[PDB]
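In the block that follows, a single chain appears as structure tokens, in the form deposited in one PDB entry.
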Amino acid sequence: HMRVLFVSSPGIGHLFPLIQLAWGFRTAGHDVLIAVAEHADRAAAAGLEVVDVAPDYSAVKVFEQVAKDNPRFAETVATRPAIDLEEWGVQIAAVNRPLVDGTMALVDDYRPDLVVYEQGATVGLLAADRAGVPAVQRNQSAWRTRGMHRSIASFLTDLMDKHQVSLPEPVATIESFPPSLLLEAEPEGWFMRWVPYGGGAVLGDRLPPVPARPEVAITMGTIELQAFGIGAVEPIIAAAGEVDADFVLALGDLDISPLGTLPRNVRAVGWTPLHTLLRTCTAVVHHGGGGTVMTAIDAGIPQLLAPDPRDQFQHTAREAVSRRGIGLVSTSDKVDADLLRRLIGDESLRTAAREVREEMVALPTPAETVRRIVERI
């Protein structure tokens, strides 16, 4: 019987792919606690206990750290898209820094027997050293770890001296993507079936009705929405109204009006978990998160990755999708009618999506992975 600690640093997509593992551990009878520094209420709403290890976290202070430690990062590495996380070390370090004091304090109080952390959260690894216990890493997308944690730690040495901690290696790394979506393996890389989680939902007095014609979903994460705004979507909706398919627009629960008068074959829909919405869908157009890519795979439908041109974090997803052939890649500004027509019509996309789905289902479930983890330690 164990006390297990889940560590998630701030950033899009970081939290949710930990939930199934946290529940897996709880339903196996272990004590489970999550440490986060944003969206603590979101972790609670998955029925979990959460400690906010940095109530004073500030994206502005994160950038001041970077300006201090690498004055030229902003006008160099940051202007082009991430292809390797280690080169973003100075910044990931800046993100991890404000979490350190509180995480160390938490590890002292809670005395975890194990630490599970998301990839971008080196603090997870230092937490595991402070406790002297095994750490298990959780990957959200196609990003290879390589030397990122050493790079990151190099920018946190004052903090590592203060807490007398050193940098260990995780005993296992759990991928989100199936083998054929990855070209290079992680050290001690473990594969795990993706089980979509998007938050709980009161769906209504019934299940969402099955639509007259099976629809194409155009969806945008409420956090990806804040940054780029509604500007991105117009050119996609405009494209859609020139296509032989019915489209459904899932922009969360945002005011749909300032877009304008929606094309007759595009209908807006209130928020539901993505996986709920896709059971009635034939394809999906989205921003390009690894979570979504996988949730689309779970639906066995083809997809189109169309992030805004200014998203610096969409590369690794794109290559995976292109190379394996489960979908199409473009940018939000570049989407046209012909591309959407190809999404619905190019059968080789569906064949692949279905083939990968079959590949992913054969992989260990969260429940089985918990079991494998316990045995390994």
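Take the two forms, superpose them, and find the largest set of C-alpha atoms that agree within 1.5 Å; that set is the rigid core. Don't overthink the numbering: it's just position in the shown sequence, from 1.
Form deposited in another entry: not shown, discussed below.
The comparison between this form and the one not shown, aligned on the rigid core, picks out a single residue among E87, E169, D113, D244 whose CA moves by 2 Å or more, and that residue is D244.
Relative to the superposed rigid core, the position of the CA of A201 differs between this form and the one not shown by less than 2 Å. Once the rigid core is used as the reference frame, the Cα position of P211 differs between this form and the one not shown by less than 2 Å.
Fitting the two forms on the rigid core leaves the C-alpha of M294 displaced by under 2 angstroms between this form and the one not shown. Between the C-alpha atoms of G291 and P187, a gap narrowed by no less than 3 Å is obtained in the other form, as opposed to the form on display.
If you compare C-alpha positions, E64 and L159 are 3 angstroms or more farther apart in the other form than in the form on display.
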